[PDB]
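Single-structure report; data block below.
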Amino acid sequence: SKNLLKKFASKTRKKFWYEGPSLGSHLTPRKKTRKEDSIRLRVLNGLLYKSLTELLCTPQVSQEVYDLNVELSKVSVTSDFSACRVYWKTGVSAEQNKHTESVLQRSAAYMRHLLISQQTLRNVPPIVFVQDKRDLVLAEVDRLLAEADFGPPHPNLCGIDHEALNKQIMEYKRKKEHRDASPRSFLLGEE
Amino acid sequence: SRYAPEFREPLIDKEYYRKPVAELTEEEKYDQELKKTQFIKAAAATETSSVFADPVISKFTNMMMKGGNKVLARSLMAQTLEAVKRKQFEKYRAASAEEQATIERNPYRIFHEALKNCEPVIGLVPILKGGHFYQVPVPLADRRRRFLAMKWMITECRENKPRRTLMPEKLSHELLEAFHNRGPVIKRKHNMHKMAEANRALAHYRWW
Amino acid sequence: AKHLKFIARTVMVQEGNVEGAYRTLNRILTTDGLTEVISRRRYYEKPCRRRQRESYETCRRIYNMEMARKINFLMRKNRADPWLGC
Amino acid sequence: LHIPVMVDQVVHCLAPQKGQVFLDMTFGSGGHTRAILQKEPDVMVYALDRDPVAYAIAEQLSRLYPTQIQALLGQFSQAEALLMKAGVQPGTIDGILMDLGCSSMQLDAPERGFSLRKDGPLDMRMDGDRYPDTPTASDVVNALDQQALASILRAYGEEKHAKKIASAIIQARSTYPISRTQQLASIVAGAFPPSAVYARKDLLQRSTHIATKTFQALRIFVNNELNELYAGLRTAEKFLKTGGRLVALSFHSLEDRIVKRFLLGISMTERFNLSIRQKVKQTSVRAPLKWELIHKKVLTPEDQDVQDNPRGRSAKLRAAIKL
Amino acid sequence: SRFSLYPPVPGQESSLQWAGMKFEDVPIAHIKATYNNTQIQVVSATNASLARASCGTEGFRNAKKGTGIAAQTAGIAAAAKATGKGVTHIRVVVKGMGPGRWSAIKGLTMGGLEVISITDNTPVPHXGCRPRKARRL
RNA sequence: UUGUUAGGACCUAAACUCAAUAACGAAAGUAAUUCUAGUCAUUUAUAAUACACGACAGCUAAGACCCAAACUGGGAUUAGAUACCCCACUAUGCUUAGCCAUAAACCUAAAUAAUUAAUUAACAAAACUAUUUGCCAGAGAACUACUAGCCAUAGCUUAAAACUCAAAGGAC
Ligand SMILES: Nc1ncnc2c1ncn2[C@@H]1O[C@H](CSCC[C@H](N)C(=O)O)[C@@H](O)[C@H]1O
Ligand SMILES: [K+]
Ligand SMILES: [Mg+2]
Ligand SMILES: [Mg+2]
Ligand SMILES: [Mg+2]
Ligand SMILES: [Mg+2]
Ligand SMILES: [Mg+2]
Ligand SMILES: [Mg+2]
Ligand SMILES: [Mg+2]
């Protein structure tokens, strides 16, 4: 009789859904921007964010990776869908991050297998693990700072050039001291 | 440029070409075979196989040249090196046997260790955020770190010297003072680093 | 207040990995919805506002879950071309 | 008569006491200076003004207190030299009172040209015969082009209608010289229809003339009060004792901004946004504050009192201690 | 034969000790992480105050008082006072969801204290007091 | 003041998760738990000048008071800021009696029984037949003037004309 979902069913149907049995060219393993592509890539980034967190903090990948307990900063797939860029949260310790980077990357192939096997995502492209460049720079600006040595222990204000205006005044003081488209032509015979 | 992108920079290392074939890494061995089917840029007028050619000093010469006067700029560098060699020989002869050991009389080695003492690890980039100019601590590359040391030297001598002193006499007196970590060019490095600590928390504004 | 302390929302640190334990506690609170609940209790959401948000989030979850099904369903046919050249 | 407005707040803020040296950079009629010398008869005070008439008033009033008040004549910029000629006797000044605006005597007297309501020559110059070559408002209106003249109205008078008002002056001066205050008022009131002559109601809920902004603009430009004020506050800080209390009264926003920005470490140089994407919030500073603001909180006089002195309605009292 | 995330059940007998004390005896580090100030207090298992700190007491002011690095300094300060009093193991009950929620726990670790567990006690009313009105921006 | 209390009091106020549910009721509205009372048969549609209801705000008297909060005061911002932001605190939101009778009270869908083909103005929510009542007749003037009724008195319901215009309005 009264359905709360009716209010927003038609609005969310153009924002979060497209019609027709068409899959994108990118989504294949091997142009003009479309709205369906934005939907087809937004949902994958959410599924992979949900599904790639069910591997890092779960025991399937490995015992060391399970112990790593890697939370993820964000997941973002390329528009071409050639590969993925799984950003991961990066602790302050640079050395540990370097080791964690290598560990995750080695299991990238197996992690993909785990998702593809479970059937959450049928055709997942190769995965990558990247460190946020912002985080790396902030760490580097701290490393170099520690290494670094600090050594041994009026008219223009208001906006009117009062001086120039005074000269202009003193200088002045020195001087002081729809019709042709009708059928008329056709109906007369002027051809 | 009149060179097409397919041209390769020339390799002017005399020993590299005459090395025995087995002494070359296969990566280097592969490049040599590839280069046989490529175009090579002509060598620069100042690019030679001379054993006395130092890239760092040649670069420092070009940063002093004004209006393409290479003869004058090279003469100024030649006079400087000599003024440094003559200044250390005087000290060496007028020093005890124990002190004589420490004294360094190589001008080429005083120049390189001088510049390296002036190089700064971190620099600053000027940024206008919300209509206010802020300079954020940046980590300097190997190229930016080297350029700043040479630029700071050529600017202390050009400007902050007496009117009748000459560049071979101010530059020689500064390479040696930087060589001992006492000069004003070193003081510029210390100020740059000290300011970075002041703006330590303002690096977040970086977007590049 | 009348319950027992240190049973609810408590995690134990393993081998002095205090960061790993904190990361686990956050996933527990986020999964149970406490994080979202505490976020929205800072200010007051009006009853009409609350209903509009819940109806939109429900419809967004339906269309998202349905779009996942359609991609997964249509991704089975995603394979090397068998009739290359025709 | 014009009672010194908000003098009680100044007197309490200054707390004039024996053995303290004070300065007044705007003696004028001397009402404020006399109030400081009444609370404490043993206080030491120095007076200054740009008007030779005002200086004579101080010299005449120096008989009342032979050494407690010291009279001086000159601008804010020339104040440092005048106090330097005296020597180090001002030295560590406990308080500098920088009241602003036109003197009660200056604007009450029609001959001085400050009053548009009365008919007098268009002098509008606080300086008297001390400098006879200082251009008057008559020279300013008759000499400057629309571009220059409009900027004076827009920048110093906050004139909303700057191009129309400026053009009327340029046309009127060509027809006849603009030499009288009422002549200029009619010229400004002629750029618009007759309805707008007396229409611009104020926050007071009292109507005002349409050329009040032109007289304020010319008053500040002829005497360059704003630029000279920038140097007066800077010289007061130099001559202000550490722990000394500064007290200023700002009757319009332009002077208030310089006093408001100065006492909070902000700079008048700061560029201006123009009602597009202003970052009041972001959805920092070179150095910290250099003052202990006894009364950062500002207020106008009481509305009942304002009726008695409408000229002082917008008086904002800004008090600070040197750091 | 595995580690249990679940705290030793109170009232029973367990095989886990820390410096010869049971779980019920380890001192507690109460961290209140708000959006402006992060306070920290350490108490004994009998509810006796041992250390106290906060971004404000360390000397931060205004918006600096509510940063991650400000809470880290406050945690290091609380650790040092507690370490002097004779504390090596702490149970971290972290109330609040502010910026220095984690940083305060990191400072305590940097200060030489060994956290054995982390509890969360952020107040969650079950229906309670009407929150203040939404801010318009 | 603050933090902790596996200390005491309070029973004011409001009912997380469940709820990704779509139930109950004429509508308004209603979801912490328990118990008591309780919804039900007129063939069906069709009612006002009658009767009984009717969110929130508001009024009347006596209480309550954790938190929220018109107004007001204080602080910022601004050319100004009677605002947006910060802080404090009222009317008020609560209970018990009575009044008030208004909502974008909107599924912007009167009810009921059929049909899905011999049917695209557009958009929304596919089209369409029959029955009964209500309502509409260019826009503004006009949720207005006057009239009558009303616990309503700066109120509600009922509701014009002069005069002005050649458009107003809906969808794409
Ligand atoms: N730049 C400047 N330098 C010096 N005096 C100035 C000045 N600008 C304005 N004045 C003077 O300062 C006074 C401000 S109005 C008068 C206030 C004075 N305290 C009194 O009791 O009368 C006037 O006398 C005015 O001529
Ligand atoms: K509706
Ligand atoms: Mg206010
Ligand atoms: Mg109340
Ligand atoms: Mg109605
Ligand atoms: Mg409703
Ligand atoms: Mg109405
Ligand atoms: Mg009516
Ligand atoms: Mg009526």
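To be explicit about the labels: the chains of the structure tokens are called A, B, and onward in the order shown, and within each one the residues are counted from 1, while ligands get numbers from 1 in the order they are shown.
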Give me, as a PyMOL selection string, the residues of chain E touching chain C, with the criterion being at most 10 Å (counting only C-alpha atoms).
chain E and resi 3-10+23-24+91-93+96-97+102+105-106+109+114-125+129-135
Would you save the residues of that selection, restricted to N, CA and C atoms, as an mmCIF file, in the first residue's frame?
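Below is the file that was written, out_16.cif:
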```
data_model
loop_
_atom_site.group_PDB
_atom_site.id
_atom_site.type_symbol
_atom_site.label_atom_id
_atom_site.label_comp_id
_atom_site.auth_asym_id
_atom_site.auth_seq_id
_atom_site.Cartn_x
_atom_site.Cartn_y
_atom_site.Cartn_z
ATOM 1 N N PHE E 3 46.292 -18.499 20.407
ATOM 2 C CA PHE E 3 45.987 -17.273 21.126
ATOM 3 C C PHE E 3 44.498 -16.966 21.015
ATOM 4 N N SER E 4 43.928 -16.459 22.103
ATOM 5 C CA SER E 4 42.524 -16.071 22.149
ATOM 6 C C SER E 4 42.422 -14.554 22.216
ATOM 7 N N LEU E 5 41.770 -13.956 21.215
ATOM 8 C CA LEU E 5 41.482 -12.527 21.285
ATOM 9 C C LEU E 5 40.578 -12.203 22.463
ATOM 10 N N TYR E 6 39.748 -13.147 22.873
ATOM 11 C CA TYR E 6 38.758 -12.874 23.903
ATOM 12 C C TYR E 6 39.434 -12.773 25.267
ATOM 13 N N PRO E 7 39.181 -11.716 26.033
ATOM 14 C CA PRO E 7 39.868 -11.540 27.318
ATOM 15 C C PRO E 7 39.620 -12.717 28.244
ATOM 16 N N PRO E 8 40.599 -13.076 29.083
ATOM 17 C CA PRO E 8 40.348 -14.095 30.111
ATOM 18 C C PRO E 8 39.064 -13.830 30.878
ATOM 19 N N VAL E 9 38.170 -14.808 30.905
ATOM 20 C CA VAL E 9 36.844 -14.596 31.498
ATOM 21 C C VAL E 9 37.003 -14.278 32.982
ATOM 22 N N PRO E 10 36.390 -13.210 33.492
ATOM 23 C CA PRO E 10 36.559 -12.880 34.913
ATOM 24 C C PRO E 10 35.900 -13.915 35.810
ATOM 25 N N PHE E 23 45.127 -11.087 34.659
ATOM 26 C CA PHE E 23 44.508 -10.057 33.833
ATOM 27 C C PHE E 23 43.765 -9.039 34.687
ATOM 28 N N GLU E 24 43.068 -9.504 35.724
ATOM 29 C CA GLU E 24 42.293 -8.616 36.582
ATOM 30 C C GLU E 24 43.157 -7.669 37.407
ATOM 31 N N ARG E 91 46.300 -2.117 30.655
ATOM 32 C CA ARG E 91 45.107 -2.429 29.879
ATOM 33 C C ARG E 91 44.525 -1.118 29.363
ATOM 34 N N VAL E 92 44.434 -0.982 28.046
ATOM 35 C CA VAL E 92 44.076 0.279 27.403
ATOM 36 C C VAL E 92 42.577 0.276 27.127
ATOM 37 N N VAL E 93 41.817 0.992 27.951
ATOM 38 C CA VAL E 93 40.407 1.260 27.685
ATOM 39 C C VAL E 93 40.323 2.622 27.002
ATOM 40 N N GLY E 96 36.101 7.361 23.382
ATOM 41 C CA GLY E 96 36.184 8.463 22.434
ATOM 42 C C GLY E 96 36.684 8.024 21.074
ATOM 43 N N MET E 97 36.316 8.801 20.055
ATOM 44 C CA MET E 97 36.674 8.512 18.670
ATOM 45 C C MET E 97 37.352 9.706 18.002
ATOM 46 N N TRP E 102 44.319 6.611 18.401
ATOM 47 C CA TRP E 102 45.430 5.682 18.211
ATOM 48 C C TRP E 102 46.758 6.279 18.655
ATOM 49 N N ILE E 105 47.709 5.706 22.165
ATOM 50 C CA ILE E 105 48.155 4.344 22.435
ATOM 51 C C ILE E 105 49.572 4.141 21.922
ATOM 52 N N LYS E 106 49.942 4.834 20.845
ATOM 53 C CA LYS E 106 51.288 4.710 20.299
ATOM 54 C C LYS E 106 52.310 5.409 21.184
ATOM 55 N N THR E 109 53.173 3.150 24.130
ATOM 56 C CA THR E 109 54.117 2.106 23.744
ATOM 57 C C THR E 109 55.526 2.666 23.598
ATOM 58 N N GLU E 114 53.853 -1.776 28.164
ATOM 59 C CA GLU E 114 53.467 -2.934 27.364
ATOM 60 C C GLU E 114 51.954 -3.103 27.447
ATOM 61 N N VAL E 115 51.268 -2.817 26.348
ATOM 62 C CA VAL E 115 49.819 -2.974 26.292
ATOM 63 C C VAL E 115 49.496 -4.439 26.041
ATOM 64 N N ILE E 116 48.647 -5.014 26.892
ATOM 65 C CA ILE E 116 48.262 -6.413 26.752
ATOM 66 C C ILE E 116 46.883 -6.579 26.121
ATOM 67 N N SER E 117 46.062 -5.532 26.108
ATOM 68 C CA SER E 117 44.719 -5.603 25.554
ATOM 69 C C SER E 117 44.247 -4.186 25.281
ATOM 70 N N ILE E 118 43.260 -4.068 24.396
ATOM 71 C CA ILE E 118 42.651 -2.784 24.071
ATOM 72 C C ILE E 118 41.142 -2.948 24.143
ATOM 73 N N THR E 119 40.507 -2.214 25.048
ATOM 74 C CA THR E 119 39.057 -2.143 25.128
ATOM 75 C C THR E 119 38.574 -0.801 24.595
ATOM 76 N N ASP E 120 37.309 -0.772 24.181
ATOM 77 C CA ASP E 120 36.661 0.443 23.708
ATOM 78 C C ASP E 120 35.393 0.653 24.515
ATOM 79 N N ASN E 121 35.219 1.867 25.036
ATOM 80 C CA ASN E 121 34.075 2.201 25.875
ATOM 81 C C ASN E 121 33.381 3.465 25.384
ATOM 82 N N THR E 122 33.439 3.729 24.084
ATOM 83 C CA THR E 122 32.790 4.913 23.542
ATOM 84 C C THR E 122 31.306 4.881 23.897
ATOM 85 N N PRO E 123 30.769 5.917 24.540
ATOM 86 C CA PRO E 123 29.359 5.872 24.947
ATOM 87 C C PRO E 123 28.432 5.741 23.747
ATOM 88 N N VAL E 124 27.586 4.721 23.789
ATOM 89 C CA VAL E 124 26.563 4.488 22.780
ATOM 90 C C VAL E 124 25.218 4.387 23.489
ATOM 91 N N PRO E 125 24.422 5.454 23.492
ATOM 92 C CA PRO E 125 23.113 5.375 24.146
ATOM 93 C C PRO E 125 22.158 4.480 23.375
ATOM 94 N N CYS E 129 19.801 10.931 25.269
ATOM 95 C CA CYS E 129 19.662 12.383 25.219
ATOM 96 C C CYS E 129 19.726 12.859 23.775
ATOM 97 N N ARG E 130 18.892 13.834 23.455
ATOM 98 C CA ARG E 130 18.901 14.410 22.122
ATOM 99 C C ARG E 130 20.221 15.132 21.872
ATOM 100 N N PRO E 131 20.968 14.776 20.826
ATOM 101 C CA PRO E 131 22.180 15.534 20.499
ATOM 102 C C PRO E 131 21.862 16.938 20.002
ATOM 103 N N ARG E 132 22.862 17.809 20.101
ATOM 104 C CA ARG E 132 22.738 19.172 19.598
ATOM 105 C C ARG E 132 22.463 19.184 18.096
ATOM 106 N N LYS E 133 21.893 20.294 17.630
ATOM 107 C CA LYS E 133 21.422 20.392 16.256
ATOM 108 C C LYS E 133 22.579 20.413 15.261
ATOM 109 N N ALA E 134 22.294 19.934 14.054
ATOM 110 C CA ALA E 134 23.286 19.899 12.989
ATOM 111 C C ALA E 134 23.787 21.298 12.647
ATOM 112 N N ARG E 135 25.088 21.400 12.389
ATOM 113 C CA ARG E 135 25.702 22.665 12.012
ATOM 114 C C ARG E 135 25.523 22.909 10.518
#
```
In chain E, what's strand (DSSP E or B) per DSSP? Answer as a VMD selection string?
chain E and resid 18 21 28 to 33 38 to 43 49 to 54 89 to 95 114 to 120 133
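Residues of protein, DNA or RNA lying at most 10 Å from ligand 5, when only C-alpha atoms (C1' of nucleotides) and all ligand atoms are considered, are residues 101, 102, 103, 105, 143, 156 and 157 of chain F.
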Taking only C-alpha atoms (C1' of nucleotides) and all ligand atoms and a cut-off of 9 Å, can you tell me which residues surround ligand 9, written as a PyMOL selection string?
chain F and resi 145-147+158-159
Keeping only C-alpha atoms (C1' of nucleotides), take the residues you just selected and write them out as a PDB file, in the first residue's frame.
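Once everything was written out, this is result-v4.pdb:
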```pdb
ATOM      1  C1'   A F 145     -12.631  42.366   1.567  1.00  0.00           C
ATOM      2  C1'   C F 146     -17.511  41.620   3.423  1.00  0.00           C
ATOM      3  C1'   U F 147     -21.034  37.663   5.504  1.00  0.00           C
ATOM      4  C1'   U F 158     -16.740  29.739   4.420  1.00  0.00           C
ATOM      5  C1'   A F 159     -15.162  33.337   0.266  1.00  0.00           C
TER       6        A F 159
END
```
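Listed by chain and then residue number, the contacts of ligand 2 are residues 2, 4, 6 and 7 of chain A; 48 and 52 of chain C; 103, 104, 105, 106, 107, 108 and 109 of chain F (distance at most 12 Å, using only C-alpha atoms (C1' of nucleotides) and all ligand atoms).
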Next, the residues of the selection above should be written as a PDB file, in the first residue's frame with N, CA, C and O atoms (P, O5', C5', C4', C3', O3' and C1' of nucleotides).
```pdb
ATOM      1  N   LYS A   2       1.664   1.419   1.051  1.00  0.00           N
ATOM      2  CA  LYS A   2       2.610   2.522   1.170  1.00  0.00           C
ATOM      3  C   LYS A   2       4.009   1.931   1.273  1.00  0.00           C
ATOM      4  O   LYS A   2       4.287   1.150   2.189  1.00  0.00           O
ATOM      5  N   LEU A   4       8.057   2.866   1.399  1.00  0.00           N
ATOM      6  CA  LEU A   4       9.079   3.894   1.557  1.00  0.00           C
ATOM      7  C   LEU A   4      10.091   3.856   0.420  1.00  0.00           C
ATOM      8  O   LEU A   4      10.619   4.902   0.024  1.00  0.00           O
ATOM      9  N   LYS A   6       9.657   3.382  -2.686  1.00  0.00           N
ATOM     10  CA  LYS A   6       9.195   3.974  -3.937  1.00  0.00           C
ATOM     11  C   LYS A   6       9.728   5.390  -4.110  1.00  0.00           C
ATOM     12  O   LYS A   6       9.984   5.833  -5.236  1.00  0.00           O
ATOM     13  N   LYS A   7       9.904   6.115  -3.004  1.00  0.00           N
ATOM     14  CA  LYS A   7      10.361   7.497  -3.092  1.00  0.00           C
ATOM     15  C   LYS A   7      11.679   7.604  -3.848  1.00  0.00           C
ATOM     16  O   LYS A   7      11.857   8.507  -4.673  1.00  0.00           O
TER      17      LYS A   7
ATOM     18  N   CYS C  48      12.378  12.882   9.740  1.00  0.00           N
ATOM     19  CA  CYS C  48      12.156  12.863   8.298  1.00  0.00           C
ATOM     20  C   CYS C  48      13.469  12.675   7.554  1.00  0.00           C
ATOM     21  O   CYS C  48      13.521  11.972   6.538  1.00  0.00           O
ATOM     22  N   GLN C  52      14.533   9.418   5.029  1.00  0.00           N
ATOM     23  CA  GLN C  52      14.978   9.624   3.655  1.00  0.00           C
ATOM     24  C   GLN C  52      16.325   8.959   3.411  1.00  0.00           C
ATOM     25  O   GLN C  52      16.556   8.381   2.342  1.00  0.00           O
TER      26      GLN C  52
ATOM     27  P     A F 103      -4.043  24.186   6.176  1.00  0.00           P
ATOM     28  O5'   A F 103      -2.746  23.345   6.544  1.00  0.00           O
ATOM     29  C5'   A F 103      -2.246  22.366   5.651  1.00  0.00           C
ATOM     30  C4'   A F 103      -0.779  22.120   5.868  1.00  0.00           C
ATOM     31  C3'   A F 103      -0.208  20.908   5.155  1.00  0.00           C
ATOM     32  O3'   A F 103       0.111  21.166   3.800  1.00  0.00           O
ATOM     33  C1'   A F 103       0.512  20.916   7.409  1.00  0.00           C
ATOM     34  P     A F 104      -1.025  21.092   2.668  1.00  0.00           P
ATOM     35  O5'   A F 104      -0.321  20.329   1.460  1.00  0.00           O
ATOM     36  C5'   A F 104       0.950  20.738   0.961  1.00  0.00           C
ATOM     37  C4'   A F 104       1.955  19.614   1.022  1.00  0.00           C
ATOM     38  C3'   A F 104       2.594  19.389   2.390  1.00  0.00           C
ATOM     39  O3'   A F 104       2.822  17.994   2.593  1.00  0.00           O
ATOM     40  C1'   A F 104       4.278  19.836   0.805  1.00  0.00           C
ATOM     41  P     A F 105       2.558  17.334   4.032  1.00  0.00           P
ATOM     42  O5'   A F 105       1.074  17.778   4.404  1.00  0.00           O
ATOM     43  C5'   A F 105      -0.053  17.154   3.811  1.00  0.00           C
ATOM     44  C4'   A F 105      -0.776  16.274   4.799  1.00  0.00           C
ATOM     45  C3'   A F 105      -2.106  15.698   4.341  1.00  0.00           C
ATOM     46  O3'   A F 105      -1.952  14.558   3.517  1.00  0.00           O
ATOM     47  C1'   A F 105      -2.321  16.557   6.539  1.00  0.00           C
ATOM     48  P     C F 106      -2.772  14.426   2.144  1.00  0.00           P
ATOM     49  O5'   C F 106      -1.642  14.244   1.038  1.00  0.00           O
ATOM     50  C5'   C F 106      -1.410  12.982   0.420  1.00  0.00           C
ATOM     51  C4'   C F 106       0.003  12.863  -0.097  1.00  0.00           C
ATOM     52  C3'   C F 106       1.098  13.072   0.948  1.00  0.00           C
ATOM     53  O3'   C F 106       2.215  12.236   0.651  1.00  0.00           O
ATOM     54  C1'   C F 106       1.345  14.662  -0.772  1.00  0.00           C
ATOM     55  P     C F 107       2.354  10.787   1.325  1.00  0.00           P
ATOM     56  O5'   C F 107       1.766   9.804   0.219  1.00  0.00           O
ATOM     57  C5'   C F 107       2.391   8.559  -0.067  1.00  0.00           C
ATOM     58  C4'   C F 107       2.681   8.405  -1.539  1.00  0.00           C
ATOM     59  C3'   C F 107       2.232   9.571  -2.424  1.00  0.00           C
ATOM     60  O3'   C F 107       3.139   9.728  -3.515  1.00  0.00           O
ATOM     61  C1'   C F 107       1.173   7.601  -3.138  1.00  0.00           C
ATOM     62  P     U F 108       3.925  11.113  -3.734  1.00  0.00           P
ATOM     63  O5'   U F 108       2.786  12.223  -3.673  1.00  0.00           O
ATOM     64  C5'   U F 108       1.895  12.417  -4.765  1.00  0.00           C
ATOM     65  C4'   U F 108       0.757  13.333  -4.395  1.00  0.00           C
ATOM     66  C3'   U F 108      -0.393  13.373  -5.397  1.00  0.00           C
ATOM     67  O3'   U F 108      -1.629  13.571  -4.711  1.00  0.00           O
ATOM     68  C1'   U F 108       0.536  15.530  -5.186  1.00  0.00           C
ATOM     69  P     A F 109      -2.506  12.313  -4.233  1.00  0.00           P
ATOM     70  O5'   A F 109      -2.634  11.407  -5.537  1.00  0.00           O
ATOM     71  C5'   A F 109      -3.456  11.800  -6.630  1.00  0.00           C
ATOM     72  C4'   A F 109      -4.136  10.616  -7.272  1.00  0.00           C
ATOM     73  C3'   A F 109      -4.946   9.744  -6.314  1.00  0.00           C
ATOM     74  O3'   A F 109      -6.054   9.165  -7.005  1.00  0.00           O
ATOM     75  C1'   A F 109      -3.230   8.452  -7.275  1.00  0.00           C
TER      76        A F 109
END
```
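With only C-alpha atoms (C1' of nucleotides) and all ligand atoms as the atoms that count, the set of residues no farther than 12 Å from ligand 4 is residues 64, 65, 66, 67, 68, 69, 89, 90, 91, 92, 93 and 94 of chain F.
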Test item: residues at most 12 Å from residue 80 in chain E, only C-alpha atoms (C1' of nucleotides), excluding those fewer than 3 positions along its chain, as a ChimeraX atom specification:
/E:42,50-53,73-77,83-88,107-113
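Minimum distance to residue 190 in chain B across B:121, B:72, B:140, B:154 (counting only C-alpha atoms) occurs at B:121.
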Compute the set of protein, DNA and RNA residues whose minimum atom distance to ligand 1 is at most 6 Å, using only C-alpha atoms (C1' of nucleotides) and all ligand atoms, and state it as a PyMOL selection string.
chain D and resi 4+25-32+49-51+74-76+99-104+126+225+228-229
Based on the backbone DSSP call, show me all residues of range 13-61 of chain C assigned alpha helix (DSSP H), as a ChimeraX atom specification.
/C:18-31,34-40,47-61
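Residue nearest chain E, chosen from A:56, A:117, A:92, A:147 and counting only C-alpha atoms: A:92.
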Could you write out as a PyMOL selection string the residues of chain A within 6 Å of chain B, counting only C-alpha atoms?
chain A and resi 141+150-151
Restricting it to N, CA and C atoms, dump the selection as a PDB file, in the first residue's frame.
```
ATOM      1  N   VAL A 141      60.810  13.510   4.136  1.00  0.00           N
ATOM      2  CA  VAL A 141      61.107  14.829   4.679  1.00  0.00           C
ATOM      3  C   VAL A 141      61.503  14.739   6.144  1.00  0.00           C
ATOM      4  N   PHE A 150      71.979  21.313  11.415  1.00  0.00           N
ATOM      5  CA  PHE A 150      71.526  22.680  11.624  1.00  0.00           C
ATOM      6  C   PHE A 150      72.665  23.621  11.992  1.00  0.00           C
ATOM      7  N   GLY A 151      73.909  23.152  11.933  1.00  0.00           N
ATOM      8  CA  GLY A 151      75.056  24.003  12.135  1.00  0.00           C
ATOM      9  C   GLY A 151      75.374  24.212  13.601  1.00  0.00           C
TER      10      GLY A 151
END
```
